[PDB]
Amino acid sequence: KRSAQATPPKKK
Amino acid sequence: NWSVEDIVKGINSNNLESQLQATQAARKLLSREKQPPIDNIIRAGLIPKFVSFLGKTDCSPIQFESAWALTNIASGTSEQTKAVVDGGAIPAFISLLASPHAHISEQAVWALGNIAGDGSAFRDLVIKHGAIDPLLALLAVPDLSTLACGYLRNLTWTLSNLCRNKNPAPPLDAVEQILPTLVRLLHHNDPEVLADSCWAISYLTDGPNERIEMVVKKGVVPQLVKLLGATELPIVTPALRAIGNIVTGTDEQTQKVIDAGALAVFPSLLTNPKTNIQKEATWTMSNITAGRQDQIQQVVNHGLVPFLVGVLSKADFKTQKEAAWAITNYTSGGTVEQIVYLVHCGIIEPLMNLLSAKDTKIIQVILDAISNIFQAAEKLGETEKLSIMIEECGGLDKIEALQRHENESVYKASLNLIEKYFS
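Chains C and A, in that order, are what the protein sequence lines are. Here the first sequence stands for residues 119 to 122, 131 to 138, where the numbers follow PDB author numbering. Sequential numbering of the second sequence, starting at 75, is according to PDB author numbering.
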């Protein structure tokens, strides 16, 4: 068991 | 139009009309679609004057203009956002959230989101200055559809950034205070609100099993599984990310995911035209197949073994490596009957065909999977059959060629396999 488009960090 | 010196002179005056004139000029100058002079306004010592204007309740125009300008200053580099933060803009925006004017409070939500989106430090700053309480007060109304056009989207985005970033992770009390609102928003009918809520839950699930347990206890897993089947990729991507982060925790959390009915959507996710969807679904499955034997049997009952074999055969090398991991975990902790079903669905041929890969990691993974399948066959007294199958698929040639592999692990594996079954 292992781990590993995203919204903008800032806008306008 | 206006030079930095003219704006400085207008803002340094004592005439409110001229101060507002220069503030609007600065907004337009920093709103330029190209090369905004953010560093020149910062060097001119204007951020403090802007944070001061933010408090002029008598002049809501200049409040709005200063909020806009500071937001567009904090929308750039981390150093410019640092400049805005040092000017005392976070408490001013948190106080402005309660402005009687909706547009100014929305600009304040925007500014606090930009600030908290820079990283965990400014996020925890915004949280410390007491931003969660008013931000969530803006959403207290039982019916979210009564909120103004666009307000909910901005507040959802800002709350997502307040749940984003790690090292440190968001303060636990903040997450427990924001999670119920995130549930309410996950049940909303706006595509973008849903997308940002799923991204927020994804950020919150990316961490230790305690945070996963918080998110699960709130009861988001069923709605996340529902959103897995949405037609909007901006909603499926974060939903699949959250579901995958949840199954990376305990077997009880993975079983919560299974009980919600997630495995029924993976036949589509594993066949999604988008390769990222396929890769994320295959990674989630690899974490699922790494669970208890009953969970492997549930994967079998949902008919996913054929799809996992198909992605191991036909997908790109990324999804194919995820599938190799999934099958290796399937054989590692599965029952002899499940491994026999795997071989019946046709895993030997893809596992062989992927032994000609440059990545040594996938080589070792597939070698371990082969050893596990052979141990199962030995339990079933049918190792000669499996060896004949690997032969017919040209495997023996592959495992022998791997005898000349630089990595000592791959060489030693292949050697043991050949000496024990193909000798």
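Just so it is clear, CB atoms sit at the ideal spot from N, CA and C, and this is done for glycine as well.
State the Cα-Cα distance for the pair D270(A) and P216(A), rounded to the nearest angstrom.
Taking the first residue of the second sequence as 1, we reach residue 270(A) at position 196. Taking the first residue of the second sequence as 1, we reach residue 216(A) at position 142. Rounded to whole angstroms, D270(A) to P216(A) spans 20 Å at the Cα level.
Pop quiz: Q327(A) and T393(A) are said to be a contact at Cβ under 8 Å. What is the actual Cβ separation, rounded to whole angstroms?
Position 253 of the second sequence, counting from 1, holds the residue named residue 327(A). Position 319 of the second sequence, counting from 1, holds the residue named residue 393(A). Contact flag wrong, Cβ pair sits at about 24 Å.
Inspect the CB distances between the stretch 291 to 298 of chain A and the stretch 77 to 90 of chain A and report whether three or more fall short of 8 Å.
At 8 Å Cβ cutoff, the stretches do not touch.
Indicate whether at least one CB of chain C lies closer than 8 Å to the CB of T255(A).
The residue given as residue 255(A) occupies position 181 in the second sequence. It does not; no Cβ of chain C falls within 8 Å.
Would you mind giving the Cβ-Cβ distance between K453(A) and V410(A), rounded to the nearest angstrom? I have them listed as a contact below 8 Å.
On the second sequence, position 379 is the one that residue 453(A) refers to. On the second sequence, position 336 is the one that residue 410(A) refers to. Between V410(A) and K453(A) the Cβ distance is about 5 Å, and since that is below 8 Å, they are a contact.
Buried or exposed: where does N235(A) fall if 16 or more other Cβ atoms within 10 Å of its Cβ makes it buried?
Position 161 of the second sequence, counting from 1, holds the residue named residue 235(A). Label assigned to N235(A): buried.
Here's the rule: buried if 16 or more other CB atoms are within 10 angstroms of the residue's CB, otherwise exposed. What is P424(A)?
Residue numbering aside, residue 424(A) sits at position 350 when the second sequence is read from its first letter. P424(A) comes out buried.
Counting only Cβ pairs nearer than 8 Å, list the residues of chain C close to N361(A).
By one-based count along the second sequence, residue 361(A) stands at place 287. The contacting residues are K119 and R120.
Using three-state DSSP, classify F496(A) as helix, strand or coil.
Taking the second sequence and counting its residues from 1, the one referred to as residue 496(A) is at position 422. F496(A): coil per DSSP, three-state reduction.
Looking at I136(A): is its Cβ nearer than 8 Å to the Cβ of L104(A)?
The residue you call residue 136(A) lines up with position 62 of the second sequence. The residue you call residue 104(A) lines up with position 30 of the second sequence. Contact: no.
Distance, Cα to Cα, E456(A) vs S445(A)?
As a working note, residue 456(A) is residue 382 in the second sequence. As a working note, residue 445(A) is residue 371 in the second sequence. Looking at the two C-alpha atoms, the distance is approximately 14 Å.
State the Cα-Cα distance for the pair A157(A) and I189(A), rounded to the nearest angstrom.
Position 83 of the second sequence, counted from the start, is the residue given in the question as residue 157(A). Position 115 of the second sequence, counted from the start, is the residue given in the question as residue 189(A). Going by the C-alpha atoms only, they are around 11 Å apart.
What is the DSSP secondary structure of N346(A), reduced to helix, strand or coil?
The residue given as residue 346(A) occupies position 272 in the second sequence. DSSP places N346(A) in coil when its eight states are reduced to three.
Could you check if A166(A) is buried or exposed, using at least 16 other CB atoms within 10 Å of its CB as the buried criterion?
On the second sequence, residue 166(A) is found 92 positions in, with the first residue counted as 1. So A166(A) counts as buried.
Span of the alpha helix (DSSP H) holding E284(A)?
Start at 1 with the first residue of the second sequence, and residue 284(A) comes out as number 210. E284(A) -> alpha helix (DSSP H) spans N283 to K292.
Going along chain C, which residues have a C-beta under 7 Å from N188(A)?
Working through the second sequence from its first residue, we reach residue 188(A) at position 114. Correct list: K136 and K137.
Mind pulling the chain C residues with CB within less than 9 Å of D270(A)?
Position 196 of the second sequence, counting from 1, holds the residue named residue 270(A). Neighbours of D270(A) on chain C, chain order: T133.
At a CB-CB cut-off below 7 Å, which residues of chain C make contact with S234(A)?
If you number the second sequence from 1, residue 234(A) lands on position 160. Those are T133, listed as they occur along chain C.
Verify whether the separation of the beta carbon atoms of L491(A) and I462(A) is less than 8 Å.
As a first step, residue 491(A) must be located in the second sequence, where it is residue number 417. As a first step, residue 462(A) must be located in the second sequence, where it is residue number 388. Their beta carbons are not under 8 Å apart, which means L491(A) does not touch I462(A) by this criterion.
Reducing DSSP to helix, strand and coil, say where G455(A) ends up.
Indexing the second sequence from 1 puts residue 455(A) at position 381. Looking at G455(A) - three-state DSSP - the assignment turns out to be coil, as it is neither helix nor strand.
Got a sec, what are the start and stop residues for the alpha helix (DSSP H) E180(A) sits in?
Here residue 180(A) refers to the residue found at position 106 when the second sequence is read from its first residue. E180(A) -> alpha helix (DSSP H) spans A176 to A190.
Work out the CA separation of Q412(A) and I309(A) for me, nearest whole Å.
Here residue 309(A) refers to the residue found at position 235 when the second sequence is read from its first residue. Here residue 412(A) refers to the residue found at position 338 when the second sequence is read from its first residue. Looking at the two C-alpha atoms, the distance is approximately 34 Å.
With 8 Å as the threshold, decide whether the Cβ of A364(A) is near any Cβ in chain C.
Indexing the second sequence from 1 puts residue 364(A) at position 290. So, interface residue.
Only counting runs of 4 or more residues, tell me where the alpha helix (DSSP H) segments fall wholly within the stretch 91 to 147 of chain A, in order along the chain.
Fully enclosed alpha helix (DSSP H) runs of 4 or longer: 112 to 117 and 121 to 127.
Quick one: what does DSSP say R478(A) is sitting in, helix, strand or coil?
Numbered from its first residue, the second sequence carries residue 478(A) at position 404. Reduced to three states, the DSSP call for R478(A) is helix.
Residues in its own chain within less than 8 Å of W231(A) by CB, not counting five upstream and five downstream?
If you number the second sequence from 1, residue 231(A) lands on position 157. The residues are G187 and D270.
Evaluate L246(A) with the Cβ neighbour count: other Cβ atoms within 10 Å of its Cβ, from every protein chain shown; 16 or more gives buried, anything less gives exposed.
On the second sequence, position 172 is the one that residue 246(A) refers to. When all chains shown are included, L246(A) counts as exposed.
Excluding five sequence neighbours on each side, which residues of the same chain lie with their C-beta closer than 6 Å to the C-beta of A211(A)?
Here residue 211(A) refers to the residue found at position 137 of the second sequence. Cβ neighbours of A211(A) beyond the five flanking positions: none.
Name, going along the chain, the residues of the stretch 145 to 160 of chain A whose beta-carbon falls closer than 8 Å to a beta-carbon of chain C.
Residues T145, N146, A148, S149, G150 and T155.
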